[PDB]
$ cat data-v9.cif   # mmCIF, C-alpha atoms (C1' of nucleotides) and all ligand atoms
data_coords
#
loop_
_atom_site.label_atom_id
_atom_site.label_comp_id
_atom_site.auth_asym_id
_atom_site.auth_seq_id
_atom_site.Cartn_x
_atom_site.Cartn_y
_atom_site.Cartn_z
CA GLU A 9 18.37 -2.24 13.52
CA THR A 10 17.87 1.21 11.94
CA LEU A 11 21.22 2.49 10.57
CA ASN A 12 21.12 -0.28 7.82
CA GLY A 13 17.23 -0.50 7.53
CA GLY A 14 16.71 0.71 3.94
CA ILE A 15 19.46 -1.76 3.06
CA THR A 16 18.02 -4.77 4.87
CA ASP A 17 14.37 -3.99 3.66
CA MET A 18 15.00 -3.44 -0.01
CA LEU A 19 17.36 -6.51 0.01
CA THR A 20 14.58 -8.58 1.51
CA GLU A 21 12.23 -7.11 -0.96
CA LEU A 22 14.80 -8.20 -3.44
CA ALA A 23 15.09 -11.90 -1.91
CA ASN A 24 11.40 -12.62 -1.63
CA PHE A 25 10.68 -11.71 -5.20
CA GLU A 26 13.18 -14.28 -6.71
CA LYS A 27 11.92 -16.74 -4.23
CA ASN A 28 8.27 -16.19 -5.28
CA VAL A 29 7.67 -14.65 -8.69
CA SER A 30 10.90 -16.28 -9.90
CA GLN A 31 12.30 -19.67 -9.11
CA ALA A 32 15.78 -18.39 -8.16
CA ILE A 33 16.41 -20.35 -4.92
CA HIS A 34 20.08 -19.25 -4.87
CA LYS A 35 19.65 -15.60 -5.84
CA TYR A 36 17.05 -15.50 -3.33
CA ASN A 37 19.35 -17.38 -0.91
CA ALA A 38 21.99 -14.71 -1.92
CA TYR A 39 19.86 -11.64 -1.10
CA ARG A 40 19.05 -12.91 2.43
CA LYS A 41 22.55 -13.69 3.79
CA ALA A 42 23.72 -10.28 2.68
CA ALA A 43 20.61 -8.58 4.10
CA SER A 44 21.51 -10.70 7.19
CA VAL A 45 25.14 -9.65 7.47
CA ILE A 46 24.44 -5.99 6.30
CA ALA A 47 22.14 -6.11 9.34
CA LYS A 48 24.88 -6.97 11.98
CA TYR A 49 27.38 -4.37 10.65
CA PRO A 50 27.43 -1.69 13.29
CA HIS A 51 28.09 1.23 11.06
CA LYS A 52 26.31 3.30 8.26
CA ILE A 53 26.96 1.63 4.87
CA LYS A 54 27.96 4.57 3.03
CA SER A 55 28.91 2.99 -0.21
CA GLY A 56 28.69 -0.24 -2.05
CA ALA A 57 32.34 -0.43 -1.95
CA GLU A 58 31.99 -0.19 1.71
CA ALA A 59 29.43 -2.88 1.96
CA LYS A 60 31.27 -4.98 -0.49
CA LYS A 61 33.89 -5.71 2.02
CA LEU A 62 31.26 -7.83 3.52
CA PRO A 63 30.83 -11.50 3.31
CA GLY A 64 28.17 -12.55 0.75
CA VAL A 65 28.34 -9.19 -0.71
CA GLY A 66 29.41 -9.22 -4.20
CA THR A 67 29.20 -6.93 -7.20
CA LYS A 68 25.55 -7.43 -7.86
CA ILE A 69 24.10 -6.56 -4.49
CA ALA A 70 26.73 -3.87 -3.92
CA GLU A 71 25.95 -2.28 -7.20
CA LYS A 72 22.46 -2.34 -5.92
CA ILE A 73 23.31 -0.71 -2.70
CA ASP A 74 24.88 2.23 -4.47
CA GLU A 75 21.69 2.90 -6.38
CA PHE A 76 19.52 2.73 -3.27
CA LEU A 77 21.92 5.04 -1.41
CA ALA A 78 22.44 7.45 -4.23
CA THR A 79 18.73 7.83 -5.22
CA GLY A 80 16.06 7.00 -2.61
CA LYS A 81 14.93 4.11 -4.86
CA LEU A 82 15.81 1.16 -7.05
CA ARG A 83 14.38 0.61 -10.51
CA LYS A 84 14.50 -3.16 -10.10
CA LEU A 85 12.58 -2.52 -7.01
CA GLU A 86 10.04 -0.13 -8.80
CA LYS A 87 9.33 -2.32 -11.93
CA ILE A 88 8.60 -5.44 -9.94
CA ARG A 89 6.43 -3.43 -7.50
CA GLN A 90 4.60 -2.34 -10.54
CA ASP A 91 4.49 -5.77 -12.31
CA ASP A 92 1.01 -7.21 -12.47
CA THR A 93 2.11 -10.84 -12.71
CA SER A 94 4.39 -10.56 -9.85
CA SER A 95 1.73 -8.64 -7.95
CA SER A 96 -0.76 -11.24 -8.43
CA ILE A 97 1.60 -13.87 -7.35
CA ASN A 98 1.97 -12.18 -4.01
CA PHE A 99 -1.69 -11.85 -3.65
CA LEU A 100 -2.84 -15.34 -4.62
CA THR A 101 -0.27 -16.47 -2.11
CA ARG A 102 -2.62 -15.08 0.61
CA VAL A 103 -5.06 -17.93 0.03
CA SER A 104 -4.40 -20.36 2.75
CA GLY A 105 -3.44 -23.47 0.88
CA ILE A 106 -1.92 -21.21 -1.75
CA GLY A 107 1.90 -21.52 -2.13
CA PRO A 108 4.21 -19.80 -4.72
CA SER A 109 4.14 -22.91 -7.00
CA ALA A 110 0.43 -23.04 -7.29
CA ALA A 111 0.19 -19.17 -7.44
CA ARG A 112 2.44 -19.31 -10.43
CA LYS A 113 0.44 -22.08 -11.90
CA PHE A 114 -2.95 -20.23 -11.43
CA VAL A 115 -1.30 -17.27 -13.08
CA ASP A 116 -0.17 -18.76 -16.20
CA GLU A 117 -3.69 -20.12 -16.43
CA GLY A 118 -4.85 -16.58 -16.05
CA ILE A 119 -6.22 -16.95 -12.48
CA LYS A 120 -5.24 -13.78 -10.98
CA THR A 121 -7.75 -12.58 -8.65
CA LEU A 122 -10.12 -13.59 -5.98
CA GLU A 123 -13.10 -13.76 -8.32
CA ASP A 124 -10.94 -15.58 -10.83
CA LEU A 125 -10.28 -17.93 -7.98
CA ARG A 126 -14.00 -18.47 -7.32
CA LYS A 127 -15.04 -18.87 -10.96
CA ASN A 128 -12.82 -21.95 -11.05
CA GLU A 129 -13.46 -23.42 -7.74
CA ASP A 130 -12.85 -26.59 -9.48
CA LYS A 131 -9.25 -25.67 -9.95
CA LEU A 132 -8.64 -25.67 -6.14
CA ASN A 133 -8.14 -28.41 -3.67
CA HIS A 134 -10.15 -28.75 -0.43
CA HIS A 135 -7.72 -26.70 1.56
CA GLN A 136 -7.45 -23.93 -0.94
CA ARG A 137 -11.08 -24.21 -1.29
CA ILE A 138 -11.64 -23.65 2.47
CA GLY A 139 -9.22 -20.90 2.43
CA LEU A 140 -11.11 -19.47 -0.41
CA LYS A 141 -14.25 -19.58 1.53
CA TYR A 142 -12.80 -17.89 4.57
CA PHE A 143 -10.23 -15.50 3.16
CA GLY A 144 -11.68 -12.40 4.93
CA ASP A 145 -12.03 -14.07 8.34
CA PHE A 146 -8.72 -15.86 7.77
CA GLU A 147 -6.84 -12.65 7.57
CA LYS A 148 -8.65 -11.08 10.62
CA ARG A 149 -7.00 -10.98 14.06
CA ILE A 150 -8.20 -12.91 17.13
CA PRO A 151 -9.27 -10.69 20.10
CA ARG A 152 -8.14 -12.34 23.29
CA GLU A 153 -11.63 -11.59 24.50
CA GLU A 154 -12.59 -14.32 22.03
CA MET A 155 -9.39 -16.35 22.75
CA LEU A 156 -10.83 -16.49 26.15
CA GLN A 157 -14.13 -17.85 25.03
CA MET A 158 -12.48 -20.28 22.65
CA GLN A 159 -10.15 -21.83 25.17
CA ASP A 160 -13.04 -22.24 27.56
CA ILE A 161 -15.09 -24.38 25.27
CA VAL A 162 -12.13 -26.45 24.18
CA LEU A 163 -10.84 -27.47 27.58
CA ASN A 164 -14.45 -28.18 28.33
CA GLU A 165 -15.02 -30.95 25.84
CA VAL A 166 -11.44 -32.11 26.17
CA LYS A 167 -12.40 -32.74 29.74
CA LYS A 168 -15.71 -34.11 28.78
CA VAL A 169 -14.28 -36.74 26.60
CA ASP A 170 -11.51 -37.90 28.96
CA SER A 171 -10.59 -36.29 32.26
CA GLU A 172 -7.01 -37.62 31.75
CA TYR A 173 -6.51 -34.96 28.98
CA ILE A 174 -4.05 -32.14 29.07
CA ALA A 175 -4.80 -29.17 26.74
CA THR A 176 -2.93 -25.99 26.75
CA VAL A 177 -3.26 -23.10 24.53
CA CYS A 178 0.19 -22.06 23.55
CA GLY A 179 1.83 -19.18 21.70
CA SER A 180 1.30 -15.31 22.04
CA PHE A 181 -2.11 -15.87 23.74
CA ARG A 182 -0.39 -17.83 26.46
CA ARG A 183 2.00 -14.99 26.84
CA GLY A 184 -0.75 -12.37 27.45
CA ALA A 185 -1.13 -10.96 23.81
CA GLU A 186 -4.04 -8.67 23.38
CA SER A 187 -4.62 -10.40 20.09
CA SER A 188 -3.88 -13.62 18.20
CA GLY A 189 -4.02 -15.12 14.65
CA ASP A 190 -5.21 -18.65 15.17
CA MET A 191 -5.37 -20.82 18.21
CA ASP A 192 -2.71 -23.37 18.92
CA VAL A 193 -3.71 -26.22 21.03
CA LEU A 194 -0.99 -28.34 22.72
CA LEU A 195 -2.43 -31.76 23.46
CA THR A 196 -1.21 -34.78 25.51
CA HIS A 197 -2.29 -37.74 27.51
CA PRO A 198 -0.51 -40.13 29.91
CA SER A 199 -1.59 -42.94 27.88
CA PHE A 200 0.63 -41.57 25.04
CA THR A 201 4.39 -41.05 25.14
CA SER A 202 7.81 -41.48 23.34
CA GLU A 203 7.37 -45.34 23.00
CA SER A 204 3.68 -46.27 23.75
CA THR A 205 2.89 -46.91 20.18
CA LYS A 206 0.32 -44.36 19.56
CA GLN A 207 -3.29 -43.99 20.06
CA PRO A 208 -4.29 -41.93 17.02
CA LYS A 209 -7.74 -42.13 18.35
CA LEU A 210 -6.50 -39.91 21.20
CA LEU A 211 -6.41 -37.05 18.84
CA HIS A 212 -9.32 -38.43 17.12
CA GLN A 213 -11.72 -38.47 20.13
CA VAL A 214 -11.43 -34.80 20.81
CA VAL A 215 -11.65 -33.54 17.24
CA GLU A 216 -14.84 -35.37 16.90
CA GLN A 217 -15.94 -33.84 20.18
CA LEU A 218 -15.48 -30.32 19.02
CA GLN A 219 -17.36 -30.90 15.67
CA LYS A 220 -20.07 -32.69 17.61
CA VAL A 221 -20.79 -29.61 19.46
CA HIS A 222 -20.18 -27.29 16.40
CA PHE A 223 -16.94 -25.55 17.53
CA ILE A 224 -15.12 -27.25 14.65
CA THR A 225 -16.43 -26.66 11.31
CA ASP A 226 -13.97 -27.55 8.79
CA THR A 227 -10.99 -29.79 8.19
CA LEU A 228 -7.78 -28.48 6.68
CA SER A 229 -5.92 -31.63 7.48
CA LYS A 230 -6.47 -34.42 9.76
CA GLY A 231 -3.69 -36.81 10.72
CA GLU A 232 -3.06 -39.08 13.64
CA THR A 233 -0.82 -36.54 15.50
CA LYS A 234 -1.70 -33.33 13.87
CA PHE A 235 -5.06 -31.83 13.15
CA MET A 236 -5.45 -28.37 11.37
CA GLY A 237 -8.82 -26.90 10.92
CA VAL A 238 -11.09 -23.95 11.37
CA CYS A 239 -13.56 -22.90 14.06
CA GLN A 240 -16.35 -20.64 15.10
CA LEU A 241 -18.00 -19.16 18.22
CA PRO A 242 -21.64 -19.97 18.55
CA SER A 243 -23.08 -16.83 17.13
CA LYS A 244 -25.11 -15.46 20.04
CA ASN A 245 -28.66 -14.45 20.36
CA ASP A 246 -28.35 -13.22 16.83
CA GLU A 247 -27.33 -9.96 15.08
CA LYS A 248 -23.69 -10.99 15.51
CA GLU A 249 -22.04 -14.14 14.10
CA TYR A 250 -18.35 -15.04 14.77
CA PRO A 251 -15.69 -14.98 11.98
CA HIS A 252 -14.13 -18.22 10.89
CA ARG A 253 -11.04 -18.92 12.75
CA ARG A 254 -8.22 -21.17 12.05
CA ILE A 255 -7.34 -23.93 14.39
CA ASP A 256 -4.75 -26.58 15.20
CA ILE A 257 -4.70 -29.38 17.79
CA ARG A 258 -1.64 -31.62 18.34
CA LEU A 259 -1.04 -34.80 20.15
CA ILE A 260 2.08 -35.40 22.04
CA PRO A 261 3.86 -37.93 24.23
CA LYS A 262 3.05 -36.89 27.73
CA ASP A 263 6.75 -37.34 28.36
CA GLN A 264 7.74 -34.29 26.19
CA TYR A 265 4.85 -31.84 26.72
CA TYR A 266 6.44 -29.03 28.71
CA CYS A 267 9.39 -28.65 26.41
CA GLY A 268 7.05 -28.30 23.58
CA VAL A 269 4.77 -26.35 25.77
CA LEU A 270 7.71 -24.05 26.74
CA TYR A 271 8.96 -23.96 23.26
CA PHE A 272 5.72 -23.19 21.41
CA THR A 273 5.14 -20.52 24.04
CA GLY A 274 8.04 -18.48 22.87
CA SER A 275 8.89 -15.96 22.43
CA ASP A 276 11.19 -16.93 19.59
CA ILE A 277 13.73 -14.81 21.31
CA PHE A 278 12.74 -15.95 24.81
CA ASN A 279 13.36 -19.38 23.59
CA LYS A 280 16.54 -18.68 21.77
CA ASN A 281 17.88 -16.83 24.79
CA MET A 282 16.88 -19.49 27.38
CA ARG A 283 18.26 -22.25 25.13
CA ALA A 284 21.43 -20.23 24.72
CA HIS A 285 21.57 -20.32 28.51
CA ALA A 286 21.05 -24.04 28.84
CA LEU A 287 24.26 -24.39 26.81
CA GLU A 288 26.38 -22.73 29.39
CA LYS A 289 24.54 -24.46 32.15
CA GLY A 290 25.70 -27.71 30.51
CA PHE A 291 22.43 -28.55 28.74
CA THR A 292 20.67 -28.73 25.44
CA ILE A 293 17.17 -27.71 24.76
CA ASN A 294 14.79 -28.32 21.88
CA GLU A 295 11.19 -28.76 21.12
CA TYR A 296 11.00 -32.21 22.70
CA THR A 297 13.46 -32.54 25.47
CA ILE A 298 16.37 -31.65 27.64
CA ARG A 299 19.69 -33.37 27.55
CA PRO A 300 22.85 -32.72 29.62
CA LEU A 301 26.02 -31.90 27.79
CA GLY A 302 29.05 -34.22 27.73
CA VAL A 303 32.38 -32.51 27.30
CA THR A 304 33.29 -34.95 24.39
CA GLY A 305 31.63 -32.29 22.24
CA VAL A 306 28.06 -33.34 22.69
CA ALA A 307 25.87 -35.75 24.69
CA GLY A 308 22.30 -37.03 25.11
CA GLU A 309 20.01 -38.52 27.73
CA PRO A 310 16.73 -36.63 28.01
CA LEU A 311 16.17 -35.32 31.54
CA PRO A 312 12.77 -36.08 33.17
CA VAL A 313 10.28 -33.21 33.01
CA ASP A 314 6.93 -32.74 34.81
CA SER A 315 6.42 -29.13 34.29
CA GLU A 316 7.64 -25.86 32.79
CA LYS A 317 9.49 -25.55 36.13
CA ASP A 318 11.75 -28.64 35.63
CA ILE A 319 13.28 -27.26 32.58
CA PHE A 320 13.77 -24.04 34.59
CA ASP A 321 15.30 -25.68 37.63
CA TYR A 322 17.62 -27.67 35.35
CA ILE A 323 19.28 -24.55 33.85
CA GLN A 324 18.91 -22.97 37.28
CA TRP A 325 17.01 -20.07 35.96
CA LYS A 326 14.32 -17.84 37.36
CA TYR A 327 10.80 -19.11 36.70
CA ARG A 328 9.40 -16.70 34.20
CA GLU A 329 5.72 -16.33 33.91
CA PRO A 330 4.53 -16.77 30.40
CA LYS A 331 3.43 -13.19 30.68
CA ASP A 332 7.04 -12.21 30.85
CA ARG A 333 8.37 -14.69 28.37
CA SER A 334 8.65 -11.84 25.90
CA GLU A 335 12.39 -12.22 25.56
"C1'" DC B 1 11.60 -29.12 10.29
"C1'" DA B 2 8.01 -32.28 10.35
"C1'" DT B 3 3.46 -33.45 8.95
"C1'" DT B 4 -0.14 -33.95 5.60
"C1'" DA B 5 -2.20 -34.06 0.94
"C1'" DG B 6 -1.84 -35.42 -3.50
"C1'" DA B 7 -0.97 -36.83 -7.97
"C1'" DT C 1 7.52 -41.44 -4.67
"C1'" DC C 2 8.42 -36.71 -4.44
"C1'" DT C 3 6.77 -32.06 -4.22
"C1'" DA C 4 4.14 -28.73 -2.29
"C1'" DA C 5 2.36 -25.94 1.74
"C1'" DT C 6 1.48 -24.95 6.89
"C1'" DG C 7 3.28 -24.03 11.10
NA NA A 401 -0.67 -18.30 0.96
NI NI A 402 -14.04 -31.27 0.91
NI NI A 403 -1.54 -22.17 16.00
#
$ encode --input "data-v9.cif" --output "structure tokens" --more "lines below"
Ligand code: NA
Ligand code: NI
Ligand code: NI
Amino acid sequence: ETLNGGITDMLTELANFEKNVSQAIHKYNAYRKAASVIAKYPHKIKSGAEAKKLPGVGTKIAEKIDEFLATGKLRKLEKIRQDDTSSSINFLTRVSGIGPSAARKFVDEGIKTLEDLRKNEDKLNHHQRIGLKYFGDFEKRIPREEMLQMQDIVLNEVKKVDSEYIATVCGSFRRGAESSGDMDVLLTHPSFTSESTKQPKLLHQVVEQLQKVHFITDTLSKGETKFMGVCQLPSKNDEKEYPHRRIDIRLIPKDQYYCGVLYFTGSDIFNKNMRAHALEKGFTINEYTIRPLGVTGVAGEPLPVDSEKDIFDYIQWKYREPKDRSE
DNA sequence: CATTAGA
DNA sequence: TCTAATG
């Protein structure tokens, strides 16, 4: 957590680069397990040789570790940091819609910057285009103050359309966060579950709703179970307009809400820990359900859930307010 | 880890 | 169809 920092950080710096600027899936894959295991080791790596005893640690990384340890740097680490092409790749990546593949592609073309990106707006797809348009807002944080306003509106229309609608704004927001990065909206309806062969319109209704009243302004990707867009708060009585903010709505079988609800609510660790618990308590938890464990090794049979409580009761745990779902 | 776009 | 990119 801190005695192997410099090792874990450089190593990750190492991993990410092969992953991105290079196409070395394995190397990359190599750098991460080590940085993973060099992470769990309870003592101060004092030498490569020392490290080396590790699993996944070979001659290459170890050699590396000696250099880092000896001198407070790595050349391999310094050259790349310096490298313009590689730089650029990391940057271009920042364009929502922009992935390593395309970032590499734009580069060879000579598209390095932001401006280079604009000047060839033609070269981008919708997504990337959108992203291009809202790069500054895109990167900005979401004050809960606003998260407050946002949610308001959204349950509003949701309701408006059909009163049978269940919207919940999940994630860090849900957990009290003073700030967020995009809103996540969990959506369900009775009239939609596990079997009941869809009702794409269900999602459909609501997205339309939001646009209709101007909350929704763009479309990043619209599917029959997963929308992904952008949004904006009606810029007041002037002098102050709201920054474009990402958005995502998702339909779900009413019979698997809460797990997902629970799940998407985190925290990652809260989840992981609770789930870990369910295991002892003879259960299995995941994003869509809750099945009791059969000694045979495993088992199935999704237990009925009506609320965040049910899952709790099941694994006979203390109800934890989302506030305190931190871990 | 699944959904969407896209070519 | 596969491959990319988001979450
Ligand atoms: Na990106
Ligand atoms: Ni368009
Ligand atoms: Ni979200």
$ interface_residues --input "data-v9.cif" --of "chain B" --to "chain A" --cutoff "10 Å" --atoms "all atoms listed in the file" --output "list in words"
residues 3, 4, 5 and 6 of chain B
$ write_last_selection --input "data-v9.cif" --atoms "C-alpha atoms (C1' of nucleotides)" --output "mmCIF file, in the coordinates of the input"
data_model
loop_
_atom_site.group_PDB
_atom_site.id
_atom_site.type_symbol
_atom_site.label_atom_id
_atom_site.label_comp_id
_atom_site.auth_asym_id
_atom_site.auth_seq_id
_atom_site.Cartn_x
_atom_site.Cartn_y
_atom_site.Cartn_z
ATOM 1 C "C1'" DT B 3 3.460 -33.450 8.950
ATOM 2 C "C1'" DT B 4 -0.140 -33.950 5.600
ATOM 3 C "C1'" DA B 5 -2.200 -34.060 0.940
ATOM 4 C "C1'" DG B 6 -1.840 -35.420 -3.500
#
$ interface_residues --input "data-v9.cif" --of "chain C" --to "chain A" --cutoff "9 Å" --atoms "only C-alpha atoms (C1' of nucleotides)" --output "CSV table (one decimal) with C-alpha atoms (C1' of nucleotides), in the coordinates of the input"
chain,number,residue,atom,x,y,z
C,4,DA,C1',4.1,-28.7,-2.3
C,5,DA,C1',2.4,-25.9,1.7
C,6,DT,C1',1.5,-25.0,6.9
$ atom_distance --input "data-v9.cif" --atom1 "CA of residue 114 in chain A" --atom2 "CA of residue 31 in chain A"
15.4 Å
$ closest_residue --input "data-v9.cif" --among "A:227, A:96, A:171, A:180" --to "ligand NI 403 (chain A)" --atoms "only C-alpha atoms and all ligand atoms"
A:180
$ atom_distance --input "data-v9.cif" --atom1 "CA of residue 286 in chain A" --atom2 "CA of residue 269 in chain A"
16.7 Å
